[PDB]
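What follows is a short report on a single structure.
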Amino acid sequence: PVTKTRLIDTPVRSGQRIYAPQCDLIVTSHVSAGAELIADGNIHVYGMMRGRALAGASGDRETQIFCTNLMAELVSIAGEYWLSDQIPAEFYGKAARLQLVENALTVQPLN
Amino acid sequence: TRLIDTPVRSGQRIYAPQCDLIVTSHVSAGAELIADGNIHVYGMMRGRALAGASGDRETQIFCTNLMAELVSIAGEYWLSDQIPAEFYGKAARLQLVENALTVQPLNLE
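Going down the list, the sequences are from chains A and B. The numbering of the first sequence is the entry's author numbering, which starts it at 16 and goes up by one. The numbering of the second sequence is the entry's author numbering, which starts it at 20 and goes up by one.
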């Protein structure tokens, strides 16, 4: 337990919940469907992201979500959230980078 | 306390500041319902309902045909898949027990 970033190089399986209190969260493996990722900082997912990522849970709007395989059910920064359908189909299964610009979700490729 | 007898098509946002929300028609996929009180949906509920938006933990959600994408009370949330299949597409009562989501049948046999 530290403010150090929470690194996890083991997949997060369906039904599990990972909470990084006041630090970034890093998942170097695959995130399953029922898997829920939440952190007050940033969220990095370096595998199949099939679950849920809630970044800036405490209200940090300058935080972002970085994925290599964006297949998420729900992706949230601060309070503003997107469901799988709101995610542009252009990115399903590719590398993506979600951040808040005005007061809304934005997605880029991070190439 | 708030009345909506017109379908809520995909993309709409419905606000209920400090009052219950009642939608007597259909809620579409992208439709987002939010309220600080209770939310009743008496039709095809296939969208999102966020109840107790201000933190009211005594609030509940009442549906007659529960097929929602996302349902949350006081921040605690469920997606369509987390809804027990027993109630998907049926009448359901979402409540907070202790500090977790619970679902019962609306009818109280």
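Just so you know, even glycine gets a beta-carbon here, dropped at the ideal spot from N, CA and C.
According to the DSSP assignment, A68(A) belongs to the beta strand (DSSP E) that extends over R67 to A70. Remark: C-beta atoms of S47(A) and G71(A) do not approach each other more closely than 8 Å.
Apart from the 5 residues on each side of it in sequence, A93(A) sits with its Cβ closer than 6 Å to the Cβ of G71, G74 and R76 in its chain, given in chain order.
About 7 Å separates the beta carbon of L69(B) from that of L52(B), a gap short enough to meet the 8 Å contact definition. Counted as a single uninterrupted DSSP element, the beta strand (DSSP E) harbouring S91(B) occupies residues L89 to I92. Measuring C-alpha to C-alpha distances from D39(A) to each of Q31(A), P26(A) and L22(A) identifies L22(A) as the nearest. Interface with chain B (8 Å Cβ-Cβ cutoff): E117(A) is excluded.
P124(A) sits close to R112(A), with the two beta carbons spaced by under 8 Å.
Neighbours of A68(A) in chain B, taken as residues whose beta carbon is under 7 Å from its own, are absent, since the nearest beta carbon is some 13 Å off.
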